[PDB]
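# Examination of the molecular architecture
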Amino acid sequence: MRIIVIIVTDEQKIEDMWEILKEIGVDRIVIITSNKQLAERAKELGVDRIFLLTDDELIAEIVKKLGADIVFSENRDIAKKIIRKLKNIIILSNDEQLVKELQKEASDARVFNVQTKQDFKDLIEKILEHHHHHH
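The sections below set out a description of the structure shown in this document.

Quick notes on the rules
- Residues numbered from 1 in each chain as written, not as in the entry; some residues may be left out.
- Heavy atoms only, no water.
- Patch = residues over 30% accessible without salt bridge, like charges linked within 9 Å, V, L, I, M, F, W, Y side chains within 5 Å.
- Areas by Shrake-Rupley, 256 points an atom, 1.4 Å probe, with all protein chains shown as cover.
- Salt bridge = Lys/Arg side-chain N within 4 Å of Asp/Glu carboxyl O.
- Helix = DSSP H or I, 4+ residues; strand = E, 2+ residues; numbered from the N terminus.
- Buried < 20%, exposed > 50% of the residue type's maximum accessible area, 1.4 Å probe, protein only.
- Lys, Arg positive; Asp, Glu negative; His and termini not counted.
- Charge placed at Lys NZ, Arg CZ, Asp CG, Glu CD.

## Thoughts on a nonpolar patch on the surface
Judged by side-chain polarity, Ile14, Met17, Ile20 and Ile24 come together as a nonpolar surface patch covering roughly 330 Å² of accessible area. When you line up the elements, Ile14 lands in the loop between β1 (4-6) and α1 (25-28). Owing to a relative accessible area of 44%, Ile14 belongs among the partly exposed residues under this scheme.

## So, a positive patch on the surface
Together, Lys64, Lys80, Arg84 and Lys85 make up a positively charged patch on the protein surface. One can find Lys64 in helix α3 (residues 59-66).

## A short note on the pattern of salt bridges
For the structure shown, the criterion picks out eight salt bridges. Among the salt bridges present, the one from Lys43 reaches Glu44, with a minimum N-O distance of 3.0 Å. Of the residues examined, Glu44 reaches a relative accessible area of 55% and is grouped as exposed. Each of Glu40, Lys43 and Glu44 takes part in a single network of salt bridges with overlapping partners.

Below, the structure written as structure tokens:
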């Protein structure tokens, strides 16, 4: 029980760790998406932990059952939809104007903000040492 809810935003795709994704990744991640396209792509990789749902707030009930303690997703409304039942979950969102709302209104809710590479650098330094390959 340490599964991360991977909801994918169309930004810089992690194709770097796409290989190790099948060894370490699928062991501790679940692919939660509304797009069958990348859900099939992950299925061609051999990701067993995939849910395809075109619903917004329903993910709060899905991850409740999955016992998920973390989610990567841009979600303003759906943040409060998850937090109202789960204040023990750590949610990352890009909108700092929203992240602060959840940090004030919810007592035990651990809501972290991402803006620039700094937020990612500190976060990866907190967790296990993971470096990127220069060229």
